[PDB]
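We begin with a single chain expressed as structure tokens, specifically the form deposited in one PDB entry.
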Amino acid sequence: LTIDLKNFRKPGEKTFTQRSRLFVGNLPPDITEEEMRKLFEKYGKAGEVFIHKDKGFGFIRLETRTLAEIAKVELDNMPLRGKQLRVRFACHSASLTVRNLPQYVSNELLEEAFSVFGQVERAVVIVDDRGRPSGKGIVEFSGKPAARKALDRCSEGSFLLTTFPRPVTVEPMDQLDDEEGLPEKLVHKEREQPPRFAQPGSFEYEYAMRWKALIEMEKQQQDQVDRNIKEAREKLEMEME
């Protein structure tokens, strides 16, 4: 009910990062940076506010992500001078996936390693439901160039995180919104049928079945690819002794 700013932070969490930046769209036309701060003025001070008055949307950075998530629920679809403000988390411009993490790698060892290409805001080695590592990681930098450095250096180079000499793999993080998704308000031939199970003997069944048989050979063939890739890697694992 009543939050103490100046005491509202997850441990280690950094302030005014790209993760606590908001996209505020479907804006009124007379909107200014001054009025932007006014809407979010209860969430404490805000960092940068960039407002594309031509496109009718803008950005504002808050202190912590939870502050922004609070804001996002209090101000989404909020009516402002005729239009309904849409409020979402902004895309991360320097987010990176890391595969082939070793063990005894930790959120901190990652932030330490990747810090060599620029300022890291966050780095987390993703853990399964049993608390163990998956081999995947997240590394979010302060700005684009540090991620283009990290991306490029780790593709041409061989970046080893531990004594074990299998280098890590580094790809850009796909910026997908899996909270709001696609509502009906957005978006007739394709709807004129309901969700149903394709019934045997029908035309739609036969096509469904033609598709599922094509996924089969696609899986069978992929399976032979990652089968001998697996055992080649596996051979390699042996010779290290």
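Note that the rigid core is defined as the largest set of C-alphas that superpose within 1.5 Å between two forms. Residue indices: 1-based, along the sequence shown.
Coordinates are given for every deposited residue between residue 176 and residue 177; the gap count there is zero. In this crystal structure, the stretch out of 142-150 and 78-86 whose C-alpha atoms carry the higher mean B factor is 78-86. Mean CA B-factor, 29-37 versus 55-63: the higher value falls on 29-37. Considering 44, 47, 172, 200 together, the PDB entry gives 200 the largest C-alpha B factor. In this PDB entry, residue 72 carries a Cα temperature factor that places it within the middle third of its chain's modelled residues. Sort the modelled residues of the chain by CA B factor and residue 132 lands in the highest third.
In the PDB entry, a CA B factor belonging to the highest third of its chain's modelled residues is recorded for residue 103.
The next section is about a form of this same protein that is not shown, the form deposited in another entry.
After superposing the rigid core, the Cα of residue 48 is displaced by less than 2 Å between this form and the one not shown.
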